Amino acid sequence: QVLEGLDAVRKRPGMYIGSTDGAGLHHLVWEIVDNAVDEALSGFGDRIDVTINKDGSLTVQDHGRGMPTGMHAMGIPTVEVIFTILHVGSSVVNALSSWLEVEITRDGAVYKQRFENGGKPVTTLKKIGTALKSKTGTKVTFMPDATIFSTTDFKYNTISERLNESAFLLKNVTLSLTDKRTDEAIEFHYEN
């Protein structure tokens, strides 16, 4: 199992997301969302909010345990290792983004790390605020790299159908989609 840097993704994006068109662009969304969905499936968090921001970036927020805020080796945060070393989905999104921010809430603290220009960290994982102890979760916002994708326009209907399906499969978890470009919004939630 050979590890690689993010440059490897940027030179062969098709090998990781299939293509650099609309399909590839939306694969980025699926990778980020599936991380939140996997957490909910494990029983952590009961809503997942997706937002297409007006500047074209996309946000996904869950309310699960929150990614580990501890240190890996050499003072490098565990979360930074996940976002910068290719083994998988998260580092691929980071590599193919002109910028990305991850915000973790847990243990009464809020932490943030920002990456730019293909996943280069411009900050470390720093505490930016506090919260109630009961508050937990992970939020990731990324801007897809326009120098790589032939289109960086997220399609509301495409994402809506995917989130609907993920909601039907998950059960008892609310998934929302909000389009700040057009004010459109919808929510999905299935019982059992």
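Quick note: we count residues from 1 along the sequence shown, nothing fancier.
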Should the segment between residue 87 and residue 88 be described as having none, 1 to 3, 4 to 9, or 10 or more unmodelled residues of the deposited sequence?
10 or more
I need to verify one thing: averaged over C-alpha atoms only, is the B-factor higher for 42-50 or for 145-153?
145-153
Quick note on 88-96 and 114-122: per-entry mean CA temperature factor is higher in 88-96
So among 165, 62, 31, 55, who wins on Cα B-factor in the entry?
55
Could you tell me which third, lowest, middle or highest, the C-alpha B-factor of residue 73 occupies within its chain?
highest
B-factor third for the C-alpha atom of residue 138 within its chain:
lowest
Which third, lowest, middle or highest, does the C-alpha temperature factor of residue 170 belong to within its own chain?
middle
